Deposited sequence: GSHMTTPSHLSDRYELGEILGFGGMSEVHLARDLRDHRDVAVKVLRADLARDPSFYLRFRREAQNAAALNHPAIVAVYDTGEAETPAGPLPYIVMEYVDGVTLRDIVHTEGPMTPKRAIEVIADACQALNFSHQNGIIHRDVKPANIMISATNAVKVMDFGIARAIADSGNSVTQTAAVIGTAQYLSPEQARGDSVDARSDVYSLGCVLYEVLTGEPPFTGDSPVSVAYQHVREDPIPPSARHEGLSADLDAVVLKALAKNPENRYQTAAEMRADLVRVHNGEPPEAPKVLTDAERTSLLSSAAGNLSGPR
């Protein structure tokens, strides 16, 4: 895989592999800065499907300026000994994604989890302000730096993180992001997503039919007040969940600070 492509970026160590890309720590030679480069895998690149899937999700990833949002810098596709390799250049986050944490460290401590997801609401909310719906909220798209800073990425453009309105092919709004962010919060508190199945279609059915089991019913140490917040964000009807990311944050802040949520009590 490439030592130095674009003649502008010198790719370094692999920071990690995602479902369809290797992410390198490159060095921007022109602006003299450390940067992250997400390159489509060479094996998946000789497959027009993935090539186009990456190429689409590359020019469509929103570039926003926010301390909690990963800034996109460049996009392109250089010729390498493996054909073209589409790539996206972005802010280097020294840390891991929530997925990495869930599958290595395990379930986060409630207060820390509440903080992380509260900080993600800040980014989601700012995005909503600019009229941009993320519509792809999941653990692998939310990062935590070495300085505990929350960095969210891939705005614009995942089987068990989609909203009932997404699973029905309907429209998508701020409330849709709330539901998905709620799924991330659920998993990060308990250890597993709200809904799991033997096939994507199974999970999609569970999303728009089956109710979520209270987080505390799945993991030890989770307050009932936390159930209220989580489960409200997982409400099937958009009008039942939080209307804005700020609203959800306002409620996480309360639970965090040992205050009663404005979310309907989870009873029986």
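Next on the checklist: I have the full deposited sequence and the modelled structure. Can you tell me which residue ranges, counted from 1, have no C-alpha coordinates?
Outcome noted: Gaps vs deposited seq, in order: 1 to 5, 163 to 181, 293 to 311.
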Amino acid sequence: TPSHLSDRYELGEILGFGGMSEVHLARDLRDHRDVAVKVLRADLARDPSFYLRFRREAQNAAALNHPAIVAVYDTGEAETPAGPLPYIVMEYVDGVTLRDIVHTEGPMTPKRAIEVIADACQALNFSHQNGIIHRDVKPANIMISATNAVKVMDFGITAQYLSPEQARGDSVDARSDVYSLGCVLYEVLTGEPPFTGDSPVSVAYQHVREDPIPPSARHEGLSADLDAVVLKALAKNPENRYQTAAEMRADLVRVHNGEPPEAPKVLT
From here on, numbers count along this sequence of modelled residues.
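Definition used throughout: the rigid core is the maximal C-alpha set that superposes within 1.5 Å between two forms.
Checklist entry - With the rigid core as the fit anchor, does 21 to 29 or 247 to 255 show bigger C-alpha shifts in 5 other deposited structures of this protein? => result With the rigid core superposed, the C-alphas that lie farther in 5 other deposited structures of this protein are those of 21 to 29.
Item to check | Which of 164 to 172 and 82 to 90 strays further in 5 other deposited structures of this protein - Cα RMS after rigid core alignment | outcome: Between the two stretches, 82 to 90 moves farther in 5 other deposited structures of this protein.
Next on the checklist: Going by the mean C-alpha B-factor recorded in the entry, which is higher: 33 to 41 or 202 to 210?
Outcome noted: Averaged over C-alpha atoms, the B-factors run higher in 202 to 210.
Checklist entry - Do the C-alpha atoms of 188 to 196 or of 109 to 117 have the higher average B factor in the entry? => result Looking at the record's C-alpha B-factors, the answer is 188 to 196.
Checklist entry - Whose C-alpha has the highest temperature factor in the PDB entry: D154, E165, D94, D177? => result It is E165.
Next on the checklist: Splitting the chain's C-alpha B-factors into thirds, which one does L11 fall into?
Outcome noted: According to the entry, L11 has a C-alpha B-factor in the chain's highest third.
Next on the checklist: When the deposited Cα B-factors of this chain's modelled residues are ordered and cut into thirds, is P139 in the lowest, the middle or the highest one?
Outcome noted: Lowest third.
Item to check | Third assignment of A159 from its chain's C-alpha B-factors | outcome: It belongs to the highest third of the chain when residues are ordered by C-alpha B-factor.
Item to check | Relative C-alpha B-factor of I101, binned into the chain's lowest, middle or highest third | outcome: Tercile = middle for this residue's CA B-factor.
Checklist entry - By its CA B factor, does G182 count among the lowest, middle or highest third of the modelled residues in the chain? => result Lowest third - that is where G182 ends up once the chain's C-alpha B-factors are sorted.
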